Amino acid sequence: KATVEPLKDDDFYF
Amino acid sequence: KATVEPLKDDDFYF
Amino acid sequence: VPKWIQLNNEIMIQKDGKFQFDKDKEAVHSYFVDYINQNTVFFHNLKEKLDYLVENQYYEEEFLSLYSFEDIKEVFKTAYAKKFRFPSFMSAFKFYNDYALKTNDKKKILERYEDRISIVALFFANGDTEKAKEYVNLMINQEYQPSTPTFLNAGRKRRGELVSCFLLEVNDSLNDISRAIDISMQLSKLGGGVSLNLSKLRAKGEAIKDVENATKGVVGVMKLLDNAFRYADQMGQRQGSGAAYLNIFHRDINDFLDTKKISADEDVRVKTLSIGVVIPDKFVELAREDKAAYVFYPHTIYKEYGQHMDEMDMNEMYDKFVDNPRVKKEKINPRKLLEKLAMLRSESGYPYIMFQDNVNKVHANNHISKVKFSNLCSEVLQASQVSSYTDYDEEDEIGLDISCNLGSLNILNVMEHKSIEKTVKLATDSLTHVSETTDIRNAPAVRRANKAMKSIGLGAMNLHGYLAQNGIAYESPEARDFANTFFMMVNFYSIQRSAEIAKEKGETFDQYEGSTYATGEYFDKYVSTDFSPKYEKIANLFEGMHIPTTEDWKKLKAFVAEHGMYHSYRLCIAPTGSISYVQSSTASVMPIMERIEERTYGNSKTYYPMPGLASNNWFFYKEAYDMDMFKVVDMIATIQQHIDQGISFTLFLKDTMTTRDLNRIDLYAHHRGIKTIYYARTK
Amino acid sequence: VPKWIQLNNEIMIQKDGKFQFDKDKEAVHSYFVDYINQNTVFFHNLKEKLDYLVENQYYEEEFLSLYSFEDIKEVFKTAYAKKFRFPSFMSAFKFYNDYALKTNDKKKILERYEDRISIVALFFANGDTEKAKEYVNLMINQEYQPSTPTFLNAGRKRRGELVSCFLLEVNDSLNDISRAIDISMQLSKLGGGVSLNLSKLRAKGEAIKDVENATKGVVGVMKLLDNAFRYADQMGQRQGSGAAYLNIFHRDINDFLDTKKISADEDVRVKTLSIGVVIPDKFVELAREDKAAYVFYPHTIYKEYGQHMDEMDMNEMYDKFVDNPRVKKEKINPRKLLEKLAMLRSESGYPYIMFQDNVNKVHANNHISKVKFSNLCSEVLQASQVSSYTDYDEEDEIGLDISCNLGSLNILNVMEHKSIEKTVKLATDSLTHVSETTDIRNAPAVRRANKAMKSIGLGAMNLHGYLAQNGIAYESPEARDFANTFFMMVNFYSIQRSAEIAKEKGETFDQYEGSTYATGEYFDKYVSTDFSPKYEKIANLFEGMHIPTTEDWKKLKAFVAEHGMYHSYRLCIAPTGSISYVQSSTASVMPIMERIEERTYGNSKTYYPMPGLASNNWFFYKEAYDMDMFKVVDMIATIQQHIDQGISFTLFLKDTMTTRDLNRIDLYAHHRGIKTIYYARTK
Ligand SMILES: Nc1ncnc2c1ncn2[C@@H]1O[C@H](COP(=O)(O)OP(=O)(O)OP(=O)(O)O)[C@@H](O)[C@H]1O
Ligand SMILES: Nc1ncnc2c1ncn2[C@@H]1O[C@H](COP(=O)(O)OP(=O)(O)OP(=O)(O)O)[C@@H](O)[C@H]1O
Ligand SMILES: Cc1cn([C@H]2C[C@H](O)[C@@H](COP(=O)(O)OP(=O)(O)OP(=O)(O)O)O2)c(=O)[nH]c1=O
Ligand SMILES: Cc1cn([C@H]2C[C@H](O)[C@@H](COP(=O)(O)OP(=O)(O)OP(=O)(O)O)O2)c(=O)[nH]c1=O
Ligand SMILES: Nc1nc2c(ncn2[C@@H]2O[C@H](COP(=O)(O)OP(=O)(O)O)[C@@H](O)[C@H]2O)c(=O)[nH]1
Ligand SMILES: Nc1nc2c(ncn2[C@@H]2O[C@H](COP(=O)(O)OP(=O)(O)O)[C@@H](O)[C@H]2O)c(=O)[nH]1
Ligand SMILES: [Mg+2]
Ligand SMILES: [Mg+2]
């Protein structure tokens, strides 16, 4: 198992 | 698991 | 709890030290006056019912279109004129839960027992009103019972296939293995139990085009078939059931057996595929003499001789296999293998045991092929030719894959009506119709064998019920005398009907000319030995019925020689598991497991007494586990001498007895001519 | 411990604080002085060697018969005139343990590197001695490397197929599922990796013949395929490898993914079946806006619209599916699904990610079909049409099943020889020959698509090796500039060779007229954007080679319009697992995982430094895990803009970074135009 963080709305934009 | 009892011969003759 | 459930449970509440069997009858009344009549769907007349069932895709309109509505009305009136009543609650419950037609949402009952019987009879007759009435009278009297597929699915639009069991031969190739998996999935989709002969597949550690130790053996194909049967599980309603049969001289026979060991690893264990072992007389001879035996690699034998190991007689080729250096073999202890078989059957009831020489010494169609394996219930024993499924864009050599239609005579009702001949002939006609209207578009060998062999299976039920209700102990010599006479009569009239059908159609089954029916050998024991009852009680039981003598058998032999036989195989005694409840009959020719059986349905529990069980015949309804298995073997051999196919012979064992006792029972069965052994159920 | 192994392990022993890389060279000498020459079978002349190899069923007679013995001897002499020497021990060890032809007893070496190269060249040329010599010069300069199937099996009688990447479309039927299982078994028997699209299969709880909750979903099909791949394992040599691809909008997508969880039960988890997920742009849009998504039941969509869910554009169909009451679906959280994908990739590296719209916005053959899934290595991206495999004795509708032809350019060797054009054209010719000589008689759609599409995959390798030996960091903008220019030249010469072959043979690939090549759209970005290097260092690297300009691309576009294109697909970058060792190259266009890799063969340890690794370029040989995955994504997108098919793109993650980082890398890959993501290897 690996550490889990939720996806932020800023991770969908680059 | 029934008791394993070897065939003693004369079990093949009737 | 429902009122009928309470009335049925009132049986075990003893009054004056006796079971309240009559309460059972009350239960049925309740079950009809509180559930069935309220949950049934009634129409103004039969026309509206038939129209509703036709337009709503419940019934096929083709079989009903062969009759004018007046004829269908007359058939239904004939069915309802008998005023048939279920004598036990469980009979009606089983019919209306497993076989009566319900709505799409399964909230109401559309088919009564008479409606189902009328529809099945109309399907059987194929446009003949008088024949439909004859079938109605045969089934409403419960003299004959079509198999669960036929009885449940006849005349239904959403039906499956009417054939219960299918037997596939798997050739030693990847194309053939994949085709076998596909056909197994297709036939399990159709609802039938599929049996596959894996004896032609080369063992583990064989060469696939000059690279050695490459094959996974029959265990890999077993895992593939197990997953295929798991996937094709009748749309999730009934668990997919498959059978794998392997010759005991196959090198993988141990690994085969290891698939059913309770300690087997997950990569080897197979759980939804039944296993059967085919034992030639050579193996029993080697075990008897304690001489170490040899299991063989099928591919080496095929390379050396050009034929498969199971394609030829091991009794004459075993020494040649052993002395041939180009044949690869492994040393085994045949007595240790027999003990392993007994231990496996004690633990899980597997494998099925098929005594190949016992099957083929009386097999009438050895010219077509020897019987190399049996079906999922180990009662179908027919010639099969393996198919050569080639590459894509190449023509396949289609062989013969066994498939027969099941139907059981109710012995008690047949003998009470003194109608062995009429019931046998009508059942043969119905099974012939079921074979004729069967067309499977995804199993080519099965289709070809159905068209050519025209094989049917006419079984029997309620042997123990008839014997116990007539004061005859199942193990008594009188019971065996009755079985001998009754099944000789059944065989005589089945052969007569087959020859009459061949005469009326001008055609016999394929390769009939080489069969023992054509040469007259089959009738030998029937033209020299008299099978009339030797006991006065049995003769009185057969009063009012013409028991065929040696002269009648000679006339039948001449008739067969002149006209031939339409069916390659006619009689096979299936287990008849759940349809025996509806007929108020004991399962098959096996003795009863228990006098009163407690079965849990939903959150309720019900007790089914054996048909006709009472105080005066309590001890005549002896439980199978309490019986001597040697005398049951004697009964099954007596019946088997008149059955061309096999009998699903379940062994009923006590926990106290050892694997040596199981081996002794198996060896006595082999000695007495038993063709197959179905199950080793331990109490 | 053998002497060469000691000399190889002496690399890690540091002298003056530096690794003894040169000692590896000495090891090679030992490996040839002590082992290779001693166990290499020598013949008095090449005629005797060829006669012995042909007679003993090592080689094929057909390809050698096309040349006179003088021409074959000249080709072998051309191969041996290079005096090729393996620069590292692992190169020679991998060749002589994996690719060199050995006797049936596997104790002697029949083929040297020059012998194998000459045989493969003679097979490629198909009778042209000059073409064979050109191929020999191409492979002995190590500019081009045929894939492991082609390199190992070309010219060998005892061989598998030369294609090992197969993509199968599975239609929603039991016949099609069984045929897919059969074809997967047949192709694994040939030694190929099989990828199956399961998106057309209806989900769990769907209707079969209008009975509800009957379908087992794609997980049962995955279990069947996993058993089939376990059974078919190259005659017990390698573990059977298969891949299953499911659209993320398929209802079973969770259960699909649940097949790779460690906590999954034995009846849920598939161990030898790789899984890939196809992610349309609609799913990414739904996750980005945090709107709840819907997973649809494919059979309801097929019933409503007459087409499969994966056969239509979900971007324009998603709202209609959601608003359609007759389409069954369940609510899901797309961000939760993305987090589940990232967690599963962290645990096991599964599933492969296919960005459907990234593939199909540059797909040249969308008229034939949109790319619905990828291969086992997630780099083959081609149009596929599903086949309708009907019942027996009924004609099947054969579609298109993808099977492309692999071959990799060695970027270092190609660019140091200033032979991009010649190497690309010769590799294209060899791939065309191998595609034409491939005939699979058990995969009808694979054979039909091979005949029609004529698709080949020309890959590249040693990108990181070339960049590091030239003082260029893999993440530097100069590296991306070089990749852009080099792969634009590769695409230019691949298209030119395809058009030249089409002109020579007078035929294009089937349905070429509807492709973007025919309409000239494919060349749009090439006739407007100049792909010459923007850095002086990269331009000096390309010195001596003509870099195609916009005018050259316009001329190529006109040439393709006039003459067509022979190959539907030309370029795909495969992982190049073991051939990278023999070529002394870094694997694929991926960055190196380790500078020096430690391996255990038998009971011995061995050390392989990356090719050309030294003290001066130790820093430029940065390990993949230490690199920024965003810059690796940028480089892979730069290459992908010139590759018609996909690139096997493995993510290299540290144990510290979370699933949010993995999801960010995946979303940046989707944003940057990455078509496929192969693996998530955690250090
Ligand atoms: N054991 C049974 N088996 C089958 N049907 C039954 C049974 N008991 C009741 N029924 C059904 O429920 C109805 C209830 O009627 P019941 O048997 O009590 O007698 P009835 O009203 O006098 O008429 P009849 O017996 O002539 O049908 C029957 O007509 C029959 O349709
Ligand atoms: N690094 C290497 N890679 C490949 N083959 C090698 C290598 N080293 C030695 N060999 C093989 O061993 C032989 C002996 O090579 P060596 O280094 O002793 O000198 P040489 O002048 O190349 O010898 P020769 O007379 O065999 O050509 C070579 O011809 C070749 O077949
Ligand atoms: C037969 C069968 C199919 N399936 C799945 C696989 C198939 O994709 C799907 C049914 O495919 P089909 O076999 O084509 O179903 P059908 O033609 O009998 O009926 P219909 O076309 O109306 O659906 O259900 C199971 O899950 N279990 C089974 O036993
Ligand atoms: C392909 C394959 C075959 N087999 C076994 C099962 C088959 O019963 C047996 C025959 O396979 P075949 O399909 O007959 O293979 P073949 O025809 O190419 O080889 P040969 O000429 O010797 O017949 O090989 C495996 O166990 N695993 C496999 O992967
Ligand atoms: N009326 C009626 N009869 C049925 C139904 N199902 C089976 N039957 C039987 O079919 C036969 C047809 O009789 P029917 O048409 O009702 O006679 P009618 O009332 O004089 O028209 C009867 O013997 C019924 O027992 C049904 O739903 N309604
Ligand atoms: N003699 C020999 N040559 C081989 C063998 N395998 C490959 N070759 C090559 O094939 C070519 C054939 O030439 P050869 O028959 O030896 O002619 P020669 O050089 O005059 O002796 C040579 O250049 C060898 O390098 C082998 O087993 N024996
Ligand atoms: Mg074969
Ligand atoms: Mg269908």
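Residue numbers (PDB author numbering), protein chains in the order written: chain C, 309 to 322; chain D, 309 to 322; chain B, 6 to 688; chain A, 6 to 688. By construction, the Cβ of each residue, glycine as well, lies at the ideal position given by its N, Cα and C atoms.
Any chance the CB of B:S424 is under 7 Å from a heavy atom of ligand 3?
Outside the cutoff, so no.
List the whole-angstrom C-beta distance separating A:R453 from A:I403, where the pair is believed to meet the contact cut-off of C-beta under 8 Å.
Confirmed, about 5 Å.
At a Cβ threshold of 8 Å, is A:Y673 touching chain C?
Chain C, which has a Cβ nearer than 8 Å to the Cβ of A:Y673, makes this yes.
For the beta strand (DSSP E) that A:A249 lies in, which residues bound it at each end?
Residues 247-252.
Just the chain C side, please: which residues come within less than 7 Å of A:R669 by C-beta, in chain order?
Ordered by position in chain C, the residues that pass the 7 Å Cβ test against A:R669 are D319.
Buried or exposed: A:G132, going by 16 or more other Cβ atoms within 10 Å of its Cβ?
Exposed.
Over the uninterrupted beta strand (DSSP E) stretch that includes B:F657, give me the two end residues.
Element bounds for B:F657: 656-658.
With a threshold of 8 Å, are at least 3 pairs of Cβ atoms found where one atom belongs to the segment 118-128 of chain B and the other to the segment 422-431 of chain B?
Not touching, per the Cβ criterion.
Check the Cβ-Cβ distances between A:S169 and every residue of chain C, and say whether any is below 8 Å.
So, not an interface residue.
For B:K334, which three-state DSSP category applies?
In this structure, B:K334 counts as strand in the three-state DSSP scheme.
Ligand 2 heavy atoms versus the CB of A:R90: any closer than 7 Å?
Flag set: Cβ of A:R90 near ligand 2.
Any heavy atom of ligand 4 inside 7 Å of the beta-carbon of A:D231?
Answer for A:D231: no, Cβ out of range of ligand 4.
Please indicate yes or no: does the CB of A:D215 lie closer than 7 Å to some heavy atom of ligand 8?
Relative to ligand 8, even the nearest heavy atom lies 7 Å or more away from the CB of A:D215.
Could you tell me the alpha carbon to alpha carbon distance between A:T442 and A:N252, rounded to whole angstroms?
Going from the Cα of A:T442 to the Cα of A:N252 covers about 34 Å.
The beta strand (DSSP E) spanning A:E441 covers which residue range?
Segment 425-441 is the alpha helix (DSSP H) holding A:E441; no beta strand (DSSP E) there.
Quick check on the DSSP output: the beta strand (DSSP E) that includes A:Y149 runs from which residue to which?
Per DSSP, A:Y149 belongs to the beta strand (DSSP E) from 149-151.
Measuring straight from C-alpha to C-alpha, what distance separates B:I267 and A:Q147?
In this structure, the CA atom of B:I267 is about 57 Å from the CA atom of A:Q147.
Using a beta-carbon distance cut-off of less than 9 Å, what residues from the segment 167-197 of chain A approach chain B?
Within the segment 167-197 of chain A, contact with chain B at the beta-carbon level (separation under 9 Å) is assigned to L179, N180, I182, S183, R184, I186, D187, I188, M190, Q191, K194.
Please confirm if B:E148 has its CB atom under 8 Å from at least one CB of chain A.
For B:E148, no Cβ of chain A is located within less than 8 Å of the residue's own Cβ.
Between A:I124 and the rest of its own chain, which residues show a CB-CB distance below 6 Å, the 5 nearest in sequence each way excluded?
Excluding positions up to five away in sequence, the list reads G160.
So, with DSSP's three-state summary, where would you put B:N142?
Three-state DSSP puts B:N142 in a helix.
Three-state class that DSSP yields for B:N202 in the structure shown
B:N202: strand per DSSP, three-state reduction.
For my contact list, A:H572 and A:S460 are in at a C-beta cut-off of 8 Å; report their separation, rounded to the angstrom.
Right, their Cβ atoms sit about 6 Å apart.
Applying the 10 Å Cβ sphere with the 16-neighbour rule, what's the burial state of A:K276?
A:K276 comes out exposed.
Measuring alpha carbon to alpha carbon, tell me which of B:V419, B:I337, B:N102, B:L349 ends up nearest D:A310.
Among B:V419, B:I337, B:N102, B:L349, the Cα nearest to that of D:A310 is on B:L349.
First and last residue of the beta strand (DSSP E) that includes B:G464?
Note, B:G464: beta strand (DSSP E), 461-466.
With a threshold of 8 Å, are at least 3 pairs of Cβ atoms found where one atom belongs to the segment 11-27 of chain A and the other to the segment 653-660 of chain B?
Because the criterion of three Cβ pairs below 8 Å is not met, the segment 11-27 of chain A and the segment 653-660 of chain B do not touch.
Which stretch, first to last residue, makes up the alpha helix (DSSP H) that contains A:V565?
According to the DSSP assignment, A:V565 belongs to the alpha helix (DSSP H) that extends over 555-568.
Is the beta carbon of A:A97 less than 8 Å from the beta carbon of A:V33?
In this structure, A:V33 lies closer than 8 Å to A:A97 by Cβ.
Could you give the residue range of the beta strand (DSSP E) that holds B:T687?
In this chain, the beta strand (DSSP E) harbouring B:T687 covers 685-687.
Cβ-based neighbour list, B:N380, same chain, cut-off 6 Å, excluding 5 preceding and 5 following
Excluding sequence neighbours, B:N380 sits near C170, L172, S200.
Skipping 5 residues on each side, what residues in its chain have a beta carbon closer than 6 Å to that of A:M458?
Excluding sequence neighbours, A:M458 sits near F514, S573.
DSSP state of B:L115 mapped onto helix, strand, coil:
If DSSP states are grouped into helix, strand and coil, B:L115 belongs with coil.
beta-carbon A:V33 near ligand 2 non-hydrogen atom, thresh 7 Å
Checking the Cβ of A:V33 against ligand 2 gives yes.
Where A:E352 meets chain C, residues with beta-carbon distance less than 8 Å
Here the neighbours are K309, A310.
Consult DSSP for A:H313 and reduce its assignment to one of helix, strand or coil.
Coil, per DSSP.
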